[PDB]
Structures are given as C-alpha cells and as structure tokens.
Amino acid sequence: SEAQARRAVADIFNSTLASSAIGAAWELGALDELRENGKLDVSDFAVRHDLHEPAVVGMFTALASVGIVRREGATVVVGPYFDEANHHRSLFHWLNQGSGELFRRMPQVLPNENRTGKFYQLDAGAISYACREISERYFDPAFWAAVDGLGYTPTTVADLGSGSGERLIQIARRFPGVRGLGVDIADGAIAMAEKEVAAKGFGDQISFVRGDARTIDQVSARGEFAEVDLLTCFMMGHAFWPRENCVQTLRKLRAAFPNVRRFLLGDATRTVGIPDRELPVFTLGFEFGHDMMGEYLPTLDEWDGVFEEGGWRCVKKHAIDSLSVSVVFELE
Amino acid sequence: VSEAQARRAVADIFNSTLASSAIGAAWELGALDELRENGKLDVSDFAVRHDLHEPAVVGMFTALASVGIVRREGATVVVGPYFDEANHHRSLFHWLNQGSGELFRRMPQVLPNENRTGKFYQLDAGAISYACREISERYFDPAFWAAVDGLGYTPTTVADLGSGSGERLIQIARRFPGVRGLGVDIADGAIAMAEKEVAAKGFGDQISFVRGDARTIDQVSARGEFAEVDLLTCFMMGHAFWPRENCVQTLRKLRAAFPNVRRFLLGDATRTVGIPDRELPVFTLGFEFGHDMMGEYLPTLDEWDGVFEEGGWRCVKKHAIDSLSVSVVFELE
Ligand SMILES: Nc1ncnc2c1ncn2[C@@H]1O[C@H](CSCC[C@H](N)C(=O)O)[C@@H](O)[C@H]1O
Ligand SMILES: Nc1ncnc2c1ncn2[C@@H]1O[C@H](CSCC[C@H](N)C(=O)O)[C@@H](O)[C@H]1O
Ligand SMILES: CO[C@H](c1ccccc1)[C@@H](O)C(=O)O
Ligand SMILES: CO[C@H](c1ccccc1)[C@@H](O)C(=O)O
Ligand SMILES: O=C(O)[C@H](O)Cc1ccccc1
Ligand SMILES: O=C(O)[C@H](O)Cc1ccccc1
Ligand SMILES: [Ca+2]
Ligand SMILES: [Ca+2]
Ligand SMILES: [Ca+2]
Ligand SMILES: [Ca+2]
Ligand SMILES: [Ca+2]
Ligand SMILES: [Ca+2]
Ligand SMILES: [Ca+2]
Ligand SMILES: [Ca+2]
Ligand SMILES: [Ca+2]
Ligand SMILES: [Ca+2]
Ligand SMILES: [Ca+2]
Ligand SMILES: [Ca+2]
Ligand SMILES: [Ca+2]
Ligand SMILES: [Fe+3]
Ligand SMILES: [Fe+3]
C-alpha cells in the first residue's frame with residue numbers, strides 16, 4: 001500500500017542522515033556520553049563541545065528519526081537501537097566519513113571511460129580513525145586468542161600493513177624485549193608510526209620500513225626479516241588477490257621470513273548467498289565499495305583453497321563476531 | 001525490542017545509506033527510466049549498453065534491493081514494492097547525496113564553532129542544479145500553473161528571480177506567445193546556460209537575462225526593463241531573503257523596482273514545526289538539518305505569512321504543495 005511505501009521511502013531518506021550522524025556523534029563524543037549516562041542535555045553538550053547548536057539538534061534529530069536516540073524536551077535519551085548502533089559506530093563512520101565520497105560519486109565512478117588514474121577519493125585520515133576501533137572491537141579477541149595459542153615465545157615480530165604501529169606496540173607490551181618491524185607501503189603511515197612508537201617509549205625496540213607486501217622480496221630491511229619468528233597481517237590481506245598474485249605473494253612471504261613459525265592473518269571476506277533484504281551491517285558497503293574501486297575481495301573459501309599452493313598450512317581458524325564474514329587464520 | 005530486531009534495524013540503516021545514494025545514481029545513469037518502461041531489466045545488458053563497470057552495477061542494484069526498491073531475479077532486476085515511491089522522489093535522493101552529500105559527510109568538522117568561517121563546507125553545484133531542475137517541475141509545477149491560471153490577466157512581461165536554467169521563462173513563453181521574459185540570476189553560470197538554452201529553443205528574441213542579486217534588486221541596473229514587468233515570479237530561493245529584517249527590506253525593494261507588477265508568485269519550501277521524529281517525511285530532515293549546518297536561515301510558513309504586509313505586499317491566495325516537506329506558493333499583490 002501507498003502509506004507503507006511512503007513511510008519506507010521516508011525512512012530510507014532519513015537513514016541516510018542518521019547514518020552519517022552515527023559516525024559524527026562518535027567522533028564528537030556524544031555516543032560515549034549517552035552510553036555512560038543514558039542521556040544528555042543538548043544545549044549543555046553544544047556548549048561543552050563548542051558546537052553550533054542548531055546543527056547539533058539536527059544531528060540528534062537524525063538519530064532519533066530512525067530510533068537510535070529519543071528527544072525529550074531539552075534532553076536526548078538512548079533509544080531502542082542505541083546499543084546496536086553504538087556497537088557498530090565505526091562501521092558507520094567508515095561508510096560515511098571514510099568512504100562517503102566514493103559512494104556519493106557513483107554516477108562518475110561506474111562509467112568505464114572514467115576508470116583510469118585516480119577515479120575515486122577516500123578520506124584516509126577518516127578511514128584510519130575508523131580502522132583503529134574496527135581493529136580493536138572486532139579483531140582483538142581472535143588476535144589475542146591466536147597469540148595465546150602460538151606455542152612459543154616470539155623474539156622478532158613483523159607486521160604487514162603496520163599502519164599506526166598500534167599492533168606492534170601491543171605485542172611489545174605483551175612480550176617485553178620482543179623486537180618489532182612494521183612494513184607499510186605508505187610513507188605517511190611510516191612517519192606516524194615512528195612518531196607514536198617514539199612517544200610511547202618503544203623507539204629502540206620497534207622499527208618501520210616502507211615496502212609493498214605484495215613484492216616483499218624487494219623490501220630492504222637490514223637483513224632483519226630473517227630474524228622474524230612471528231608474522232602478522234591484519235585488515236589488508238585482500239590486497240594480495242587475485243588468486244595467482246596471492247599464491248606468489250604467499251610464496252614470497254614464506255621465502256623472505258624463513259624463520260617464521262606462525263603467520264596470523266586477519267581480514268574481512270566477500271560473503272556468498274546472503275538474501276538482499278537480509279544483508280547484515282557492513283557487508284554491502286565493503287563489497288560494493290571494493291567493486292566500485294575495482295579491487296578484488298576473496299571469499300573465505302578462496303582463502304582456504306590458496307594456502308597450500310602458497311606454501312602455508314592453516315592450523316586454526318577463528319570466526320569474528322558480526323563484521324560481515326571476517327576470520328583470523330593461524331598459518332604455519 | 002529484542003536484540004534481533006535491533007540488529008535488523010541497524011543493518012537497514014546502514015544499507016539505506018547505500019540504497020539512498022543509489023537512487024540518485026540510478027536516476028542519473030538511466031536505470032530508473034528503463035525499469036519504468038518495462039518493469040524489469042537485464043543487469044549485464046544494462047551495463048554493456050551504458051559502458052559501465054558491471055560488478056559496480058551489480059552492487060548498485062543490490063543496494064536498491066537491500067531495502068525493497070528493486071528485486072533481483074537471476075540476471076534480471078525487477079521493480080520492487082517501493083519502486084514507484086522511490087522513483088517519484090528520486091530527485092530528492094539525488095539532492096541529498098550527489099548534491100549535498102559532502103555537507104553531511106563532514107558533520108564532525110562542520111559542527112565545531114571554531115571551523116565555521118570562510119568556506120567551511122562544500123556543495124556540488126552542478127549536481128544540485130541537476131536535481132533542482134526536476135524538483136522544480138515535479139513538486140512546484142501543479143501549484144505554479146494553478147496560480148498562473150488564476151492571474152485574472154494576461155501577462156505581457158514576466159520577470160523570474162533566481163531564473164537558473166531559464167526553464168520557467170520558456171514554459172511561460174510557450175503558454176503566452178509573444179510574452180517577454182526577463183531572468184535575474186546572481187550566477188554567471190546560470191545566465192550563460194539559460195541564454196544558450198533560450199537560443200536553442202528559438203526564444204532569444206523574447207527572453208533575456210541579467211546578472212543580479214534579488215536580495216538587493218535596487219543595485220541591479222536593469223534599465224526600466226523592470227518597469228514593463230507585470231508578472232513577477234520567484235521559486236525555490238525565497239528563503240535567501242531572510243532573516244526577517246532583511247526579508248522586509250528586500251520585499252519593499254522588489255515592490256519599488258517592479259512598480260507595474262500585478263501578481264508576484266512566490267514558491268518555496270519552509271521549515272516545519274512539531275513533526276514527531278519518527279514521522280518525518282521525505283526531504284524535511286535534510287532540508288532543515290542542511291540549512292542549520294550551513295548556518296542558512298529557513299523560515300516557517302507562519303514567518304512568511306507575518307512578513308508580507310510590512311514588506312509592502314498583500315497575500316491573496318496560498319497553495320499547499322504535495323509534499324515536499326511543507327512547501328507553498330503564495331500569490332501576492
Ligand atoms: N600492499 C601493501 N603493503 C604494505 N602495506 C599496505 C599495503 N596495502 C595497504 N597497506 C597498508 O595497510 C594499512 C591498512 S590499515 C589496517 C592497519 C593495521 N594492519 C591494523 O590492523 O590496524 C595502511 O597503513 C596501508 O598503508
Ligand atoms: N540572491 C539571489 N539573487 C539572484 N539569484 C539567486 C539568488 N540566490 C540564489 N539565486 C539563484 O537562484 C537559483 C536557485 S535554483 C532555482 C531555479 C528556478 N527558480 C527554478 O525553479 O528551477 C540559482 O540559479 C541561483 O543562482
Ligand atoms: C583500511 O581498512 C579497511 C578495512 C575494514 C575492515 C576490514 C578490512 C579492511 C578497508 O578500507 C580496506 O582496507 O579494505
Ligand atoms: C538549490 O535548490 C535547493 C532547493 C530544494 C528544494 C526547495 C528549495 C530549494 C536547495 O538546496 C536550496 O536551498 O537552494
Ligand atoms: O581450510 C580452512 O578452514 C582454514 O583456512 C584453516 C584450517 C584448516 C583446517 C583445520 C583448521 C583450520
Ligand atoms: O497569511 C497567509 O495565509 C498567506 O500569506 C496568504 C493569504 C492570506 C489570507 C488569505 C489567503 C492567502
Ligand atoms: Ca540531562
Ligand atoms: Ca523511538
Ligand atoms: Ca556525482
Ligand atoms: Ca542482521
Ligand atoms: Ca572450507
Ligand atoms: Ca529482462
Ligand atoms: Ca523485496
Ligand atoms: Ca541474484
Ligand atoms: Ca570528516
Ligand atoms: Ca570546505
Ligand atoms: Ca562536493
Ligand atoms: Ca546586484
Ligand atoms: Ca511519510
Ligand atoms: Fe580494501
Ligand atoms: Fe537554501
């Protein structure tokens with residue numbers, strides 16, 4: 001019926017604003033205040049954060065329009081979808097603040113004749129902001145379980161796609177005296193990581209080399225790769241694909257880190273068979289986004305079927321809770 | 001709610017985001033019109049006919065299907081339960097996403113007072129103008145033509161404030177042959193697009209344009225071309241006259257600059273009041289929230305009703321619009 005359609009299309013429209021507002025409300029500290037108190041005063045919030053109050057009210061209204069919060073007079077209170085939306089806030093942030101410009105330019109990204117050079121734009125800083133919580137909230141538990149199951153004590157750990165350096169710092173805290181080596185293709189991430197590690201007191205223990213993990217055989221790192229006995233690779237593995245490339249990169253890693261015992265590999269994957277109206281959070285954005293960008297994304301089964309050919313054996317596998325289909329593999 | 005209902009609602013909000021952006025893109029790329037014709041289409045065929053990247057096309061339609069706009073059936077896409085409603089409002093999705101999406105995306109940077117100076121947000125002007133073209137025809141035409149049909153006289157020269165594409169002047173010239181048209185628009189861009197289009201349609205004799213700011217019309221030196229005007233029109237920009245004190249003066253100045261205008265047809269969307277948060281209809285939230293983000297005044301319907309007399313005008317008829325939020329056409333004289 002018409003009334004139902006009217007309401008469903010309106011919710012579609014409003015969900016757009018609520019979606020953008022989830023990431024924004026995280027970044028600006030509102031979701032944390034509402035989690036800690038169950039409520040807040042909108043004027044007081046606007047004043048304590050020095051925000052444009054009409055826009056703040058707009059922000060909470062968007063959230064309220066689809067049931068994440070409820071507005072009661074001067075006040076905003078948690079609504080029925082608050083816990084679920086707050087749980088997944090970093091994915092909304094990734095979708096909007098990080099990737100929004102990609103999805104927005106859909107009419108300009110889809111034509112074949114535009115798809116050369118730098119045909120889309122991501123907000124790298126925003127993506128990094130979101131990936132920090134995505135790594136801790138969804139991957140940390142399986143990561144540390146894999147670490148707890150190593151069967152040895154690492155002495156030098158190399159992290160591929162090292163980013164901010166956080167993972168290497170956490171391993172260094174777990175295992176006093178371990179040395180770390182982070183490889184990242186982006187000179188900007190090398191510089192940020194170097195700064196963080198120095199600031200946190202791990203400058204003499206953790207180093208960084210700029211390098212492409214897909215051509216790890218070309219990376220010059222003072223002969224340190226041969227000392228590495230734990231290898232880690234989180235949220236970037238899909239970059240090794242398509243399959244023939246992935247097989248060669250896996251062999252190359254096997255030869256460049258010949259004293260690696262365990263290789264812990266964590267990523268999100270492309271799903272198969274999920275009915276359109278049942279797609280869970282993230283899955284559609286991650287896949288559609290990689291398809292817009294022209295980047296390969298393997299399924300779980302494709303990973304499972306590549307290891308042996310690539311020179312590794314999967315000895316344990318961990319399911320991630322609610323990040324589309326995501327896994328951590330323990331390879332040796 | 002159970003945890004499962006919450007899971008579903010939040011996944012829906014997430015997927016809505018992609019569907020929303022896809023409605024606009026599907027319009028712009030020709031998909032929604034192909035589906036209207038036949039009720040179905042072949043995804044690969046579409047992709048090949050439009051030379052588009054097929055995996056991305058497949059995601060576009062999957063996003064649409066994710067919330068019930070379309071339904072995917074093997075290789076085909078078929079219209080879904082919300083197709084007609086979404087298609088009806090497609091220009092509003094485009095406006096929200098392809099036009100205004102960068103505004104909303106930058107919420108965390110736009111809200112802090114310290115950032116709100118200079119150029120602190122970015123709209124896609126060309127996308128907005130593409131959507132506004134259809135918004136104008138789809139939402140404002142019935143009431144605009146209703147007002148035109150009760151003028152009680154035959155205009156001889158019409159001036160349109162915020163003329164844009166020139167399309168309203170051209171439509172008036174097709175209904176009133178040998179009416180003359182004058183458009184006033186602040187953008188050099190709009191002026192040149194409109195001149196071109198007028199020429200192309202064979203009207204460059206009847207219709208002319210002048211760059212000018214309708215907020216300060218006394219500073220536009222249009223040559224008592226303004227004195228021959230007996231019909232004044234202004235659609236989709238009136239809220240630029242506000243705040244109230246500026247609105248009063250702008251109104252008086254238009255009255256003076258167009259002393260021979262009989263009727264002044266003023267159409268715009270307005271800020272609503274009192275709508276419950278879970279009942280907000282399409283457009284309302286994005287129009288209002290966006291203007292509050294840009295720091296741009298938006299009056300309510302009551303504010304407009306209370307300003308005309310001070311501004312030198314009498315409101316003789318008002319038309320409600322279906323429903324672009326709360327929109328109206330006022331007939332002033
Ligand atoms: N082919 C490649 N080789 C090395 N680093 C890469 C790469 N592809 C992407 N990266 C880096 O991988 C990072 C992905 S962000 C995820 C970071 C980190 N592994 C974590 O769990 O938090 C970015 O710094 C990017 O620069
Ligand atoms: N203060 C002002 N003076 C003159 N033109 C203005 C203006 N503020 C906005 N505009 C113009 O008004 C147009 C808004 S789009 C509306 C176009 C037209 N009235 C229609 O119904 O389709 C743009 O071309 C913009 O350049
Ligand atoms: C930058 O990290 C992001 C991510 C998020 C979840 C899982 C995997 C990767 C994503 O932009 C990517 O690298 O594909
Ligand atoms: C540019 O057109 C847009 C519009 C849409 C509906 C009604 C009025 C105006 C709007 O973004 C504007 O305020 O100028
Ligand atoms: O094939 C798989 O499932 C995984 O890649 C790893 C695995 C295989 C066998 C037993 C445990 C784990
Ligand atoms: O005050 C109002 O409602 C309108 O501005 C115009 C109107 C007034 C009186 C009779 C009809 C129309
Ligand atoms: Ca309170
Ligand atoms: Ca509610
Ligand atoms: Ca675009
Ligand atoms: Ca779900
Ligand atoms: Ca398997
Ligand atoms: Ca077909
Ligand atoms: Ca359906
Ligand atoms: Ca299918
Ligand atoms: Ca931002
Ligand atoms: Ca800007
Ligand atoms: Ca823009
Ligand atoms: Ca001027
Ligand atoms: Ca409605
Ligand atoms: Fe990726
Ligand atoms: Fe406006």
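The sequence lines fix the lettering, A, B, ..., with proteins before strands; numbering per chain opens at 1. In what follows, every heavy atom counts, from backbone to side chain, and hydrogens, waters and symmetry copies are set aside.
By the 6.0 Å contact criterion, CE on B:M193 is open, its count of non-hydrogen atoms from other residues, nucleotides or ligands being 12 or less. Around atom CD of B:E309, no more than 12 heavy atoms belonging to other residues, nucleotides or ligands sit under 6.0 Å away. Other residues, nucleotides and ligands contribute at most 12 non-hydrogen atoms within 6.0 Å of the CD atom of A:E2.
Distance check, rounded to the nearest 0.5 Å: CG of A:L51 to CE of B:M107 gives 12.0 Å. Separating the CD atom in B:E333 from the SG atom in B:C315 is a distance of 9.5 Å, to the nearest 0.5 Å. To the nearest 0.5 Å, atoms OG (B:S66) and CG (B:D12) are separated by 7.5 Å. One finds the CG atom of B:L280 at 5.5 Å from the CG atom of A:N14 (value rounded to the nearest 0.5 Å).
With hydrogens and angles disregarded, a donor-acceptor distance shorter than 3.5 Å links the side chain of B:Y153 to the backbone of B:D230. A donor-acceptor pair under 3.5 Å is formed between the side chain of B:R180 and the backbone N or O of B:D205. At distances below 3.5 Å, not a single donor-acceptor pair connects side-chain atoms of B:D185 with backbone N or O atoms of B:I191. Within the 3.5 Å criterion, the main-chain N or O of B:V326 finds no donor-acceptor partner in the side chain of B:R271. With hydrogens and angles ignored, the 3.5 Å screen pairs a side-chain donor or acceptor of B:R138 with a backbone N or O of B:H88. Checked by atom type and distance alone, the side chain of B:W27 never pairs as donor or acceptor with a backbone atom of B:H94 at under 3.5 Å. In this structure, the side chain of A:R104 does not engage the main chain of B:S100 through any donor-acceptor pair within 3.5 Å. Under a 3.5 Å cut-off, the side chain of B:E195 and the backbone N or O of B:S208 do not form any donor-acceptor pair. The backbone N or O of A:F92 sits less than 3.5 Å from a side-chain atom of A:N96, completing a donor-acceptor pair. Proximity of a side-chain donor or acceptor of B:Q206 to a complementary backbone N or O of B:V179 within less than 3.5 Å is detected.
Using cut-offs of 30° and 60° on the angle between ring planes, the pair B:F235 and B:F144 is perpendicular.
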Dump the intermediate steps for salt bridge (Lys or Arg N to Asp or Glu O under 4.0 Å) on B:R106 and A:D123, then the final yes or no. CA-CA 11 Å; B:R106 300 263 314 163; A:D123 182 329; 5.1 Å; no
Stepwise side-chain contact (heavy atoms from CB on, under 4.5 Å) check, B:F203 with B:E197: CA-CA 9 Å; B:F203 287 108; B:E197 184 54 339; over 6 Å; no
Carefully, step by step, assess B:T17 and A:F103 under the rule side-chain contact (heavy atoms from CB on, under 4.5 Å). CA-CA 9 Å; B:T17 302; A:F103 297 113; over 6 Å; no
Show your working on side-chain contact (heavy atoms from CB on, under 4.5 Å) between B:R244 and B:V307 and close with a plain yes or no. CA-CA 7 Å; B:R244 188 173 193 290; B:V307 85; 4.1 Å; yes
Tell me, with the steps shown, if B:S91 and B:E137 meet side-chain contact (heavy atoms from CB on, under 4.5 Å). CA-CA 11 Å; B:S91 61; B:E137 159 210 293; over 6 Å; no
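Looking at B:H50, B:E54, B:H53 one by one, the single match for side chain to side chain contact (heavy atoms under 4.5 Å, CB included) with A:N112 turns out to be B:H53. In summary, of the residues considered (B:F241, B:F264, B:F308), a ring pair (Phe, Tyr, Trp, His ring centres under 6.0 Å) with B:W313 occurs for B:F264 alone. When each of B:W304, B:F287, B:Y297 is paired with B:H239, the ring pair (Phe, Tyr, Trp, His ring centres under 6.0 Å) condition holds for B:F287 and for no other.
Side chains of B:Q249 and B:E245: a donor-acceptor N/O pair is absent below 3.5 angstrom, by distance only.
Taking all atoms of both residues into account, the shortest heavy-atom contact from A:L95 to A:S19 is CD2-OG, 3.9 Å. Contact record, A:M59 with B:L111: SD-CD2, 4.1 Å, taken as the closest heavy-atom pair. Residues B:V329 and B:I321 come closest through the heavy atom pair CG2-CD1, 3.9 Å. In terms of heavy atoms, A:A64 sits closest to B:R278 at O-CD, 3.2 Å.
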